[PDB]
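Participant: My file is entry-v3.tsv. It has TSV, C-alpha atoms and all ligand atoms:
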```tsv
chain	number	residue	atom	x	y	z
A	1	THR	CA	0.00	0.00	0.00
A	2	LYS	CA	1.65	3.28	1.25
A	3	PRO	CA	5.46	3.63	0.66
A	4	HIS	CA	7.95	2.72	3.40
A	5	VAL	CA	10.93	5.02	4.03
A	6	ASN	CA	13.91	4.27	6.43
A	7	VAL	CA	15.10	7.43	8.15
A	8	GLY	CA	17.02	8.32	11.31
A	9	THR	CA	18.40	11.14	13.43
A	10	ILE	CA	22.14	11.83	13.26
A	11	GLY	CA	24.21	14.52	14.98
A	12	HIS	CA	26.35	15.15	18.08
A	13	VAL	CA	25.47	13.89	21.64
A	14	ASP	CA	22.59	15.80	23.35
A	15	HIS	CA	21.95	18.08	20.40
A	16	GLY	CA	18.33	16.85	20.66
A	17	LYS	CA	18.01	13.71	18.48
A	18	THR	CA	15.88	11.72	20.98
A	19	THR	CA	13.75	14.79	21.93
A	20	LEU	CA	13.20	15.37	18.16
A	21	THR	CA	12.32	11.69	17.53
A	22	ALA	CA	9.79	12.00	20.44
A	23	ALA	CA	8.44	15.37	19.05
A	24	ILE	CA	8.04	13.87	15.56
A	25	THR	CA	5.93	10.93	16.94
A	26	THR	CA	3.96	13.23	19.29
A	27	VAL	CA	3.17	16.06	16.75
A	28	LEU	CA	2.35	13.63	13.85
A	29	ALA	CA	-0.06	11.73	16.21
A	30	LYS	CA	-1.61	15.03	17.48
A	31	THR	CA	-2.07	16.28	13.84
A	32	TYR	CA	-3.16	13.27	11.76
A	33	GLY	CA	-3.41	10.25	14.10
A	34	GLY	CA	-1.11	7.45	15.26
A	35	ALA	CA	0.59	6.55	18.56
A	36	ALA	CA	2.82	9.19	20.27
A	37	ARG	CA	6.09	7.92	21.89
A	38	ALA	CA	7.62	9.62	25.00
A	39	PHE	CA	11.30	10.76	25.37
A	40	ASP	CA	12.02	8.02	28.01
A	41	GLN	CA	10.70	5.22	25.70
A	42	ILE	CA	13.13	6.25	22.87
A	43	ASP	CA	16.08	7.31	25.14
A	44	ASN	CA	16.85	3.96	26.81
A	45	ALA	CA	17.37	2.10	23.53
A	46	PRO	CA	17.30	-1.74	23.67
A	47	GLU	CA	20.31	-3.74	22.54
A	48	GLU	CA	20.05	-5.23	19.04
A	49	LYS	CA	22.16	-8.07	17.51
A	50	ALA	CA	23.40	-7.75	13.86
A	51	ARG	CA	25.20	-11.15	13.25
A	52	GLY	CA	27.04	-11.06	16.66
A	53	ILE	CA	27.72	-7.28	16.79
A	54	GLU	CA	25.73	-5.53	19.59
A	55	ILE	CA	24.04	-2.13	18.81
A	56	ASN	CA	21.84	0.04	21.13
A	57	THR	CA	19.11	1.40	18.79
A	58	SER	CA	15.54	2.62	19.06
A	59	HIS	CA	13.20	1.81	16.15
A	60	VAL	CA	10.25	4.24	16.09
A	61	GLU	CA	7.48	4.14	13.45
A	62	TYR	CA	5.40	7.14	12.30
A	63	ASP	CA	3.15	8.07	9.41
A	64	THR	CA	2.70	11.15	7.32
A	65	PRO	CA	-0.56	11.13	5.17
A	66	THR	CA	1.28	9.49	2.23
A	67	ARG	CA	4.28	7.69	3.76
A	68	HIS	CA	5.23	5.28	6.48
A	69	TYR	CA	8.54	6.01	8.24
A	70	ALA	CA	10.83	3.52	10.08
A	71	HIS	CA	13.09	5.80	12.17
A	72	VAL	CA	16.35	4.93	13.93
A	73	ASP	CA	17.77	6.88	16.89
A	74	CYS	CA	20.87	5.58	18.79
A	75	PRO	CA	22.19	6.63	22.22
A	76	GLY	CA	25.94	6.77	21.57
A	77	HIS	CA	28.29	7.64	18.72
A	78	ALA	CA	29.63	4.02	18.63
A	79	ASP	CA	26.10	2.65	17.83
A	80	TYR	CA	25.76	5.07	14.89
A	81	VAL	CA	29.09	3.87	13.47
A	82	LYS	CA	28.04	0.14	13.79
A	83	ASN	CA	24.51	0.86	12.50
A	84	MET	CA	25.68	2.80	9.45
A	85	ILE	CA	28.21	0.01	8.59
A	86	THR	CA	26.09	-3.13	9.34
A	87	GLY	CA	22.64	-1.95	10.64
A	88	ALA	CA	19.46	-3.92	9.75
A	89	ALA	CA	18.06	-1.22	7.41
A	90	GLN	CA	19.96	1.13	5.14
A	91	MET	CA	18.77	4.77	5.49
A	92	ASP	CA	16.89	6.30	2.56
A	93	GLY	CA	17.39	9.72	4.24
A	94	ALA	CA	18.76	11.25	7.47
A	95	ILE	CA	17.72	14.11	9.76
A	96	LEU	CA	20.88	15.93	10.89
A	97	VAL	CA	20.08	17.55	14.29
A	98	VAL	CA	22.25	20.61	15.09
A	99	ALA	CA	21.87	22.59	18.37
A	100	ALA	CA	21.89	26.32	17.41
A	101	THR	CA	23.60	27.02	20.80
A	102	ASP	CA	26.68	24.78	20.05
A	103	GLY	CA	26.70	24.63	16.25
A	104	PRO	CA	28.44	21.76	14.39
A	105	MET	CA	30.48	19.50	16.73
A	106	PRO	CA	32.98	16.59	16.11
A	107	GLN	CA	30.20	13.92	15.79
A	108	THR	CA	28.24	16.26	13.41
A	109	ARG	CA	31.25	16.08	11.00
A	110	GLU	CA	31.73	12.29	11.61
A	111	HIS	CA	28.07	11.41	10.90
A	112	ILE	CA	28.11	13.48	7.66
A	113	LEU	CA	31.44	11.83	6.68
A	114	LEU	CA	30.06	8.29	7.46
A	115	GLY	CA	26.73	9.09	5.77
A	116	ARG	CA	28.30	9.68	2.32
A	117	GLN	CA	30.90	6.88	2.85
A	118	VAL	CA	27.99	4.48	3.52
A	119	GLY	CA	25.84	6.02	0.73
A	120	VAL	CA	23.04	7.86	2.73
A	121	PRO	CA	21.59	9.79	-0.27
A	122	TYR	CA	19.64	12.65	1.42
A	123	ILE	CA	20.15	14.85	4.48
A	124	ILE	CA	17.58	17.25	5.94
A	125	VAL	CA	18.70	19.44	8.85
A	126	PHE	CA	16.76	20.42	11.95
A	127	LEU	CA	18.33	23.45	13.61
A	128	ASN	CA	17.38	22.62	17.27
A	129	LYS	CA	17.22	24.70	20.53
A	130	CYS	CA	16.27	27.93	18.67
A	131	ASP	CA	13.96	28.80	21.67
A	132	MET	CA	17.27	29.55	23.50
A	133	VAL	CA	18.73	31.83	20.73
A	134	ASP	CA	17.52	35.46	20.57
A	135	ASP	CA	20.09	36.64	17.92
A	136	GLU	CA	18.89	36.04	14.30
A	137	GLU	CA	22.46	36.74	12.98
A	138	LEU	CA	23.66	33.82	15.16
A	139	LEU	CA	21.08	31.41	13.55
A	140	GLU	CA	22.20	32.49	10.03
A	141	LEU	CA	25.88	31.90	11.08
A	142	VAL	CA	25.11	28.32	12.36
A	143	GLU	CA	22.99	27.66	9.23
A	144	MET	CA	25.90	28.81	6.92
A	145	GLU	CA	28.35	26.68	8.98
A	146	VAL	CA	26.10	23.58	8.48
A	147	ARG	CA	25.64	24.24	4.70
A	148	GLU	CA	29.48	24.61	4.31
A	149	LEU	CA	29.94	21.35	6.32
A	150	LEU	CA	27.48	19.38	4.11
A	151	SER	CA	29.08	20.75	0.88
A	152	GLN	CA	32.58	19.71	2.18
A	153	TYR	CA	31.28	16.08	2.12
A	154	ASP	CA	29.56	16.33	-1.34
A	155	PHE	CA	26.01	16.84	0.05
A	156	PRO	CA	24.18	19.79	-1.71
A	157	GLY	CA	24.54	22.27	1.20
A	158	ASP	CA	23.09	25.19	-0.78
A	159	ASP	CA	19.95	23.05	-1.66
A	160	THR	CA	19.53	21.28	1.71
A	161	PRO	CA	16.21	22.01	3.58
A	162	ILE	CA	17.01	23.58	6.97
A	163	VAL	CA	14.21	23.74	9.61
A	164	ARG	CA	14.65	26.25	12.53
A	165	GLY	CA	12.83	24.92	15.62
A	166	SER	CA	12.65	23.60	19.17
A	167	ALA	CA	12.15	19.85	19.79
A	168	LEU	CA	11.46	20.39	23.60
A	169	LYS	CA	8.83	23.18	23.21
A	170	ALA	CA	7.17	21.05	20.50
A	171	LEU	CA	7.04	17.89	22.75
A	172	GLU	CA	5.57	20.32	25.34
A	173	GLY	CA	2.61	21.22	23.07
A	174	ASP	CA	3.54	24.81	21.94
A	175	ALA	CA	1.67	25.21	18.59
A	176	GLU	CA	4.12	27.81	17.17
A	177	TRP	CA	7.00	25.33	17.69
A	178	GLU	CA	4.76	22.32	16.71
A	179	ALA	CA	4.37	23.96	13.26
A	180	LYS	CA	8.14	23.63	12.57
A	181	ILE	CA	8.05	19.84	13.31
A	182	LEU	CA	5.20	19.66	10.69
A	183	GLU	CA	7.43	21.65	8.25
A	184	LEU	CA	10.17	18.98	8.90
A	185	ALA	CA	7.72	16.10	8.20
A	186	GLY	CA	6.80	18.02	4.99
A	187	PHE	CA	10.48	17.97	3.88
A	188	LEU	CA	10.71	14.23	4.63
A	189	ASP	CA	7.85	13.72	2.10
A	190	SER	CA	9.00	16.33	-0.49
A	191	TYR	CA	12.81	16.15	-0.43
A	192	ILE	CA	13.39	12.38	0.07
A	193	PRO	CA	12.01	10.83	-3.17
A	194	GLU	CA	9.94	7.61	-3.15
A	195	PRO	CA	12.36	4.67	-2.61
A	196	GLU	CA	13.06	2.52	-5.67
A	197	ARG	CA	11.19	-0.84	-5.69
A	198	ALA	CA	13.49	-3.94	-6.18
A	199	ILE	CA	11.40	-4.93	-9.23
A	200	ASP	CA	12.10	-1.52	-10.94
A	201	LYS	CA	15.92	-1.72	-10.56
A	202	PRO	CA	18.20	-3.30	-13.30
A	203	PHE	CA	18.09	-7.14	-13.32
A	204	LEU	CA	20.62	-8.93	-11.03
A	205	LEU	CA	20.70	-12.60	-9.97
A	206	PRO	CA	23.54	-13.79	-7.68
A	207	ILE	CA	24.36	-17.38	-8.89
A	208	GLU	CA	23.80	-19.94	-6.09
A	209	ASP	CA	24.14	-23.09	-8.24
A	210	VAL	CA	24.78	-24.50	-11.80
A	211	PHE	CA	23.27	-27.52	-13.54
A	212	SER	CA	22.94	-28.55	-17.21
A	213	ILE	CA	19.60	-29.85	-18.47
A	214	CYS	CA	20.06	-32.42	-21.25
A	215	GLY	CA	19.10	-30.77	-24.57
A	216	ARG	CA	18.04	-27.47	-22.88
A	217	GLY	CA	21.56	-26.32	-21.87
A	218	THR	CA	23.05	-24.72	-18.77
A	219	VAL	CA	20.74	-23.77	-15.84
A	220	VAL	CA	21.92	-21.10	-13.42
A	221	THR	CA	19.95	-20.94	-10.14
A	222	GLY	CA	19.34	-18.15	-7.58
A	223	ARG	CA	16.94	-15.67	-5.99
A	224	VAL	CA	16.33	-12.68	-8.28
A	225	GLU	CA	17.76	-9.80	-6.20
A	226	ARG	CA	16.44	-7.02	-8.43
A	227	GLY	CA	14.38	-6.38	-11.55
A	228	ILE	CA	12.88	-8.79	-14.10
A	229	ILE	CA	14.43	-11.28	-16.58
A	230	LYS	CA	12.12	-12.16	-19.51
A	231	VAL	CA	12.66	-15.17	-21.83
A	232	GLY	CA	14.63	-13.88	-24.87
A	233	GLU	CA	16.47	-11.07	-23.00
A	234	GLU	CA	20.30	-10.67	-23.22
A	235	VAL	CA	22.35	-11.17	-20.00
A	236	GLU	CA	25.93	-10.79	-18.74
A	237	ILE	CA	27.75	-13.28	-16.43
A	238	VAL	CA	29.94	-10.95	-14.27
A	239	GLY	CA	32.42	-12.09	-11.52
A	240	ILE	CA	35.88	-13.90	-11.27
A	241	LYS	CA	36.27	-14.75	-15.03
A	242	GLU	CA	36.21	-12.27	-17.98
A	243	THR	CA	32.57	-11.01	-18.34
A	244	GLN	CA	30.53	-13.29	-20.68
A	245	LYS	CA	27.48	-12.34	-22.80
A	246	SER	CA	24.47	-14.76	-23.22
A	247	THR	CA	20.66	-14.89	-23.74
A	248	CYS	CA	17.93	-16.14	-21.29
A	249	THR	CA	16.58	-19.16	-23.14
A	250	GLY	CA	14.13	-20.00	-20.29
A	251	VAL	CA	12.97	-19.33	-16.68
A	252	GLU	CA	11.81	-22.21	-14.41
A	253	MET	CA	10.36	-22.35	-10.91
A	254	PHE	CA	10.20	-25.97	-9.62
A	255	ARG	CA	9.11	-27.42	-13.01
A	256	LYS	CA	6.81	-24.40	-13.74
A	257	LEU	CA	7.87	-22.77	-17.05
A	258	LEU	CA	7.69	-18.97	-16.57
A	259	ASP	CA	7.86	-16.32	-19.30
A	260	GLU	CA	9.70	-14.07	-16.75
A	261	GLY	CA	11.45	-14.03	-13.32
A	262	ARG	CA	10.89	-11.11	-10.89
A	263	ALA	CA	12.74	-9.81	-7.73
A	264	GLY	CA	12.36	-12.06	-4.67
A	265	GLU	CA	11.66	-15.20	-6.79
A	266	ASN	CA	13.82	-18.38	-6.49
A	267	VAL	CA	14.36	-19.23	-10.12
A	268	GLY	CA	16.30	-21.36	-12.65
A	269	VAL	CA	17.58	-19.31	-15.60
A	270	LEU	CA	18.47	-21.23	-18.77
A	271	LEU	CA	21.39	-19.94	-20.85
A	272	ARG	CA	21.79	-21.35	-24.39
A	273	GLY	CA	25.43	-21.15	-25.39
A	274	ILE	CA	27.01	-21.13	-21.93
A	275	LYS	CA	28.61	-24.36	-20.63
A	276	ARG	CA	28.66	-25.47	-16.93
A	277	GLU	CA	32.51	-25.25	-16.81
A	278	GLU	CA	32.29	-21.49	-17.68
A	279	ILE	CA	30.24	-20.70	-14.47
A	280	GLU	CA	32.31	-20.08	-11.22
A	281	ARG	CA	31.41	-19.41	-7.51
A	282	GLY	CA	30.63	-15.71	-6.93
A	283	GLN	CA	29.42	-14.95	-10.49
A	284	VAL	CA	26.20	-12.82	-11.03
A	285	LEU	CA	23.59	-12.62	-13.93
A	286	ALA	CA	22.81	-9.00	-14.79
A	287	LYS	CA	21.23	-6.61	-17.33
A	288	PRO	CA	24.18	-5.93	-19.75
A	289	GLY	CA	26.27	-2.90	-18.76
A	290	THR	CA	24.64	-2.34	-15.33
A	291	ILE	CA	27.45	-3.73	-13.05
A	292	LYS	CA	31.27	-3.91	-13.36
A	293	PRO	CA	33.66	-6.52	-11.86
A	294	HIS	CA	36.31	-5.04	-9.50
A	295	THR	CA	39.23	-6.32	-7.37
A	296	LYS	CA	40.30	-3.08	-5.65
A	297	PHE	CA	37.97	-1.00	-3.48
A	298	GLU	CA	37.98	1.42	-0.53
A	299	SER	CA	35.76	0.38	2.37
A	300	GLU	CA	34.62	1.48	5.80
A	301	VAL	CA	34.85	-1.65	8.07
A	302	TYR	CA	34.03	-2.63	11.65
A	303	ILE	CA	35.94	-5.43	13.39
A	304	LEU	CA	34.06	-7.41	16.05
A	305	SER	CA	35.37	-7.22	19.61
A	306	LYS	CA	36.19	-10.54	21.39
A	307	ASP	CA	32.91	-10.05	23.36
A	308	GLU	CA	30.88	-10.02	20.08
A	309	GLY	CA	32.36	-13.44	19.08
A	310	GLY	CA	35.20	-11.91	17.05
A	311	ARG	CA	39.01	-12.27	17.50
A	312	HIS	CA	40.83	-11.34	20.78
A	313	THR	CA	44.09	-10.36	19.04
A	314	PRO	CA	44.80	-7.51	16.57
A	315	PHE	CA	45.67	-8.07	12.89
A	316	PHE	CA	48.42	-6.37	10.87
A	317	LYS	CA	49.42	-5.32	7.29
A	318	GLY	CA	49.73	-8.98	6.14
A	319	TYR	CA	46.12	-9.89	7.06
A	320	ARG	CA	44.41	-11.90	4.29
A	321	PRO	CA	40.81	-12.80	5.29
A	322	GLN	CA	37.76	-13.84	3.27
A	323	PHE	CA	35.30	-11.23	2.05
A	324	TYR	CA	31.72	-12.61	1.83
A	325	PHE	CA	29.87	-10.53	-0.68
A	326	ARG	CA	26.63	-12.36	-1.67
A	327	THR	CA	27.27	-16.08	-2.27
A	328	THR	CA	30.93	-16.82	-1.54
A	329	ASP	CA	34.09	-15.85	0.30
A	330	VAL	CA	36.84	-14.24	-1.83
A	331	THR	CA	40.31	-13.81	-0.29
A	332	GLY	CA	41.56	-10.22	-0.19
A	333	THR	CA	44.75	-8.30	0.56
A	334	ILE	CA	44.47	-5.31	2.94
A	335	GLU	CA	46.10	-1.84	2.88
A	336	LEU	CA	45.77	0.00	6.23
A	337	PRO	CA	45.81	3.88	6.53
A	338	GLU	CA	49.15	5.72	6.66
A	339	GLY	CA	50.58	5.27	10.13
A	340	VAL	CA	48.30	2.34	11.11
A	341	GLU	CA	50.25	-0.84	11.97
A	342	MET	CA	47.49	-2.91	13.57
A	343	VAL	CA	43.74	-3.07	13.97
A	344	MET	CA	42.27	-3.98	17.35
A	345	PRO	CA	39.05	-5.98	17.90
A	346	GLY	CA	36.12	-3.56	18.33
A	347	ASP	CA	37.66	-0.95	16.00
A	348	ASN	CA	36.49	0.58	12.74
A	349	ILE	CA	38.89	1.65	9.96
A	350	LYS	CA	39.13	2.71	6.34
A	351	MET	CA	40.57	-0.34	4.51
A	352	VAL	CA	41.76	-0.59	0.90
A	353	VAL	CA	41.04	-4.18	-0.20
A	354	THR	CA	42.54	-6.07	-3.18
A	355	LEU	CA	40.57	-9.23	-4.02
A	356	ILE	CA	42.20	-12.26	-5.67
A	357	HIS	CA	39.24	-12.42	-8.10
A	358	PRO	CA	37.07	-9.55	-9.46
A	359	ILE	CA	33.49	-9.26	-8.00
A	360	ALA	CA	30.40	-7.48	-9.52
A	361	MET	CA	30.55	-4.36	-7.29
A	362	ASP	CA	29.03	-0.92	-6.75
A	363	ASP	CA	29.43	1.69	-3.92
A	364	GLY	CA	27.17	0.82	-1.00
A	365	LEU	CA	27.56	-2.98	-1.34
A	366	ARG	CA	27.84	-4.56	2.11
A	367	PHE	CA	30.10	-7.54	2.92
A	368	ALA	CA	31.28	-9.70	5.83
A	369	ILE	CA	34.90	-10.40	6.82
A	370	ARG	CA	35.44	-14.05	7.80
A	371	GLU	CA	38.69	-15.81	8.81
A	372	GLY	CA	37.64	-19.46	9.20
A	373	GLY	CA	33.93	-19.62	8.49
A	374	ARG	CA	33.48	-17.22	11.45
A	375	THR	CA	32.62	-13.52	11.04
A	376	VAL	CA	35.40	-11.23	12.28
A	377	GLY	CA	33.86	-8.01	10.86
A	378	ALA	CA	31.53	-6.24	8.42
A	379	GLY	CA	32.04	-3.51	5.81
A	380	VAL	CA	30.57	-1.31	3.03
A	381	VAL	CA	32.17	-0.51	-0.33
A	382	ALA	CA	32.76	3.26	-0.09
A	383	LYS	CA	34.69	3.67	-3.40
A	384	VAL	CA	35.26	1.25	-6.28
A	385	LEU	CA	38.85	1.59	-7.56
F	401	LIG	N1	16.44	24.52	24.94
F	401	LIG	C1	16.20	23.34	24.35
F	401	LIG	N2	16.70	22.22	24.88
F	401	LIG	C2	16.30	21.11	24.22
F	401	LIG	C3	15.50	21.03	23.08
F	401	LIG	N3	15.30	19.71	22.73
F	401	LIG	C4	15.95	19.03	23.63
F	401	LIG	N4	16.57	19.80	24.58
F	401	LIG	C5	17.18	19.27	25.81
F	401	LIG	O1	18.53	18.94	25.54
F	401	LIG	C6	18.89	17.70	26.18
F	401	LIG	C7	19.47	16.72	25.19
F	401	LIG	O2	18.45	16.10	24.35
F	401	LIG	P1	18.52	14.64	23.65
F	401	LIG	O3	17.39	14.40	22.73
F	401	LIG	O4	18.48	13.55	24.75
F	401	LIG	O5	19.88	14.62	22.82
F	401	LIG	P2	20.61	13.46	22.01
F	401	LIG	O6	21.64	12.59	22.85
F	401	LIG	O7	21.31	14.18	20.82
F	401	LIG	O8	19.46	12.65	21.49
F	401	LIG	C8	17.66	17.23	26.95
F	401	LIG	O9	17.72	17.49	28.34
F	401	LIG	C9	16.51	17.96	26.24
F	401	LIG	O10	15.34	18.14	27.04
F	401	LIG	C10	14.98	22.25	22.51
F	401	LIG	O11	14.23	22.37	21.55
F	401	LIG	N5	15.39	23.37	23.23
F	402	MG	MG	19.48	10.91	22.34
```
Using the file provided, produce a representation of the structure as structure tokens.

Facilitator:
Amino acid sequence: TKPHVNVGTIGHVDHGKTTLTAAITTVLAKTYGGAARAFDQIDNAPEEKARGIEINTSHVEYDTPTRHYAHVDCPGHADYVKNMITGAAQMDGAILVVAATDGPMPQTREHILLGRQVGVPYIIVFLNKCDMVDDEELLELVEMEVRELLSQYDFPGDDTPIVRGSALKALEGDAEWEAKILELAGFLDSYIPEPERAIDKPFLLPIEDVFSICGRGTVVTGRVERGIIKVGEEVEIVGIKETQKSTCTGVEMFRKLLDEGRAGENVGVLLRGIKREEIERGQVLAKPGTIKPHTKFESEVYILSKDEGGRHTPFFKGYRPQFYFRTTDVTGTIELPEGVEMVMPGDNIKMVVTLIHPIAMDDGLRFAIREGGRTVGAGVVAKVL
């Protein structure tokens, strides 16, 4: 029915993220129905588990007349880091909360940096605690500082919606301040475009298995990740080996002959021309010229602490783990930042990875770092080199 959008509040400690998350739920419920959530209920965030990594995060849900929002608010800076790198749902947009009394702070910069790194596509800013500021020239100064900050990290600072308000006075009931929270909900709907449906994205099928039907040819199996493959359409086999071009000669679902295969369907794609021996672990079927194979990439990664089931010892320059992209582990070489000799468990770093085999890759692709068969960390492709 109504579109679902994943948002969240980012910004420095005590700028007003939780108060704002409360005010959003409260004002939207007071204006056009729903259940209002108190500050206390969002503040003491429960602990969530993302494959062994522990993250304190509050998941609040609210509705505007057209959209349904799944909103994340975390207590500490460490949770934001973990959540942006491996968190359950990738943000479609973010609300950057900036206290007009403090202006941009170290975590303001960090969240903006991580946001682009991790591929958060839209940022709306709520200039909080304006009830405390009597100087209009001061508000303009903070606003200009925030727009400069966003532009520094490739966000369109000059075109970013900035709402001047007070999250506390709005949670309190003050109509004049409650208007500004409605203006913010308006920007969520107008500035963040409708999220792209999996079925409307270019066709991609990560290859889970290969078989060869007698007389029909090679069958490649998997769950259609995105788009639609119709019988007769041209396809590319991208991964370890040099990219191959073929044609979908059939689509099968447990004996049922389909004319097409859509996103979320477990399907068997027939390829006339391709031989079984040409298909390798980690290959992908995709709409020709929509994905490129790469070996070298820049990534933002988090290494599990011993407590999270990860290693107890640090790793060094010579570390060569397995990178689990979609279907298989691929061994990679690591380049640590200038001056970094070792990486401790529980740390996050910028890692330049060189895979032994190319992998169909785009910025924003998430992966797992495994040493045995055990997860030692998680990452996101920031830049494809
Ligand atoms: N003056 C003023 N203080 C506010 C406002 N919103 C929140 N605060 C207060 O600032 C403190 C920090 O708020 P909080 O949401 O917990 O910050 P967070 O850690 O960034 O989420 C709390 O004691 C709030 O009541 C506001 O609009 N104006
Ligand atoms: Mg908070």

Participant: Please, which residues in chain A fall within 10 Å of ligand LIG 401 (chain F) when counting all atoms listed in the file, and what is the closest atom pair and distance in Å to one decimal for each, ordered by chain then residue number, as a tab-separated table?

Facilitator:
```
residue	atom	partner	partner_atom	distance
A:9	CA	F:LIG401	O8	8.3
A:10	CA	F:LIG401	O7	8.0
A:11	CA	F:LIG401	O7	6.5
A:12	CA	F:LIG401	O7	5.8
A:13	CA	F:LIG401	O6	4.2
A:14	CA	F:LIG401	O5	3.0
A:15	CA	F:LIG401	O7	4.0
A:16	CA	F:LIG401	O3	3.3
A:17	CA	F:LIG401	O8	3.5
A:18	CA	F:LIG401	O3	3.5
A:19	CA	F:LIG401	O3	3.7
A:20	CA	F:LIG401	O3	6.3
A:21	CA	F:LIG401	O3	7.8
A:22	CA	F:LIG401	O3	8.3
A:23	CA	F:LIG401	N3	8.9
A:39	CA	F:LIG401	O3	7.6
A:40	CA	F:LIG401	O4	9.1
A:42	CA	F:LIG401	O8	9.1
A:43	CA	F:LIG401	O4	6.7
A:44	CA	F:LIG401	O4	9.9
A:73	CA	F:LIG401	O8	7.6
A:74	CA	F:LIG401	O8	7.7
A:75	CA	F:LIG401	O6	6.0
A:76	CA	F:LIG401	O6	7.3
A:77	CA	F:LIG401	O6	9.3
A:97	CA	F:LIG401	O7	7.5
A:98	CA	F:LIG401	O7	8.7
A:99	CA	F:LIG401	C10	8.0
A:100	CA	F:LIG401	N5	9.2
A:101	CA	F:LIG401	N1	8.6
A:127	CA	F:LIG401	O11	9.0
A:128	CA	F:LIG401	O11	5.3
A:129	CA	F:LIG401	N5	3.5
A:130	CA	F:LIG401	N5	6.5
A:131	CA	F:LIG401	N5	5.8
A:132	CA	F:LIG401	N1	5.3
A:133	CA	F:LIG401	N1	8.7
A:164	CA	F:LIG401	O11	9.8
A:165	CA	F:LIG401	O11	6.6
A:166	CA	F:LIG401	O11	3.1
A:167	CA	F:LIG401	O11	3.7
A:168	CA	F:LIG401	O11	4.0
A:169	CA	F:LIG401	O11	5.7
A:170	CA	F:LIG401	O11	7.3
A:171	CA	F:LIG401	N3	8.5
A:172	CA	F:LIG401	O11	9.7
A:177	CA	F:LIG401	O11	8.7
```

Participant: Excluding same-chain residues fewer than 5 positions from residue 297 (chain A), what lies within 6 Å of it counting only C-alpha atoms, as JSON, numbers by chain?

Facilitator: {"A": [352, 353, 383, 384, 385]}

Participant: Could you tell me how far CA of residue 247 (chain A) lies from CA of residue 200 (chain A), in Å and to one decimal?

Facilitator: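 For CA of residue 247 (chain A) relative to CA of residue 200 (chain A), the distance reads 20.4 Å.
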
Participant: Enter the distance from CA of residue 341 (chain A) to CA of residue 320 (chain A), in Å, rounded to one decimal.

Facilitator: 14.7 Å

Participant: For CA of residue 228 (chain A) and CA of residue 280 (chain A), determine how far apart the two atoms are, in Å to one decimal place.

Facilitator: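 CA of residue 280 (chain A) lies 22.7 Å from CA of residue 228 (chain A).
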
Participant: Which one is closest to ligand MG 402 (chain F): A:141, A:204, A:72, A:304? Count all atoms listed in the file.

Facilitator: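 Using all atoms listed in the file, the shortest distance to ligand MG 402 (chain F) belongs to A:72.
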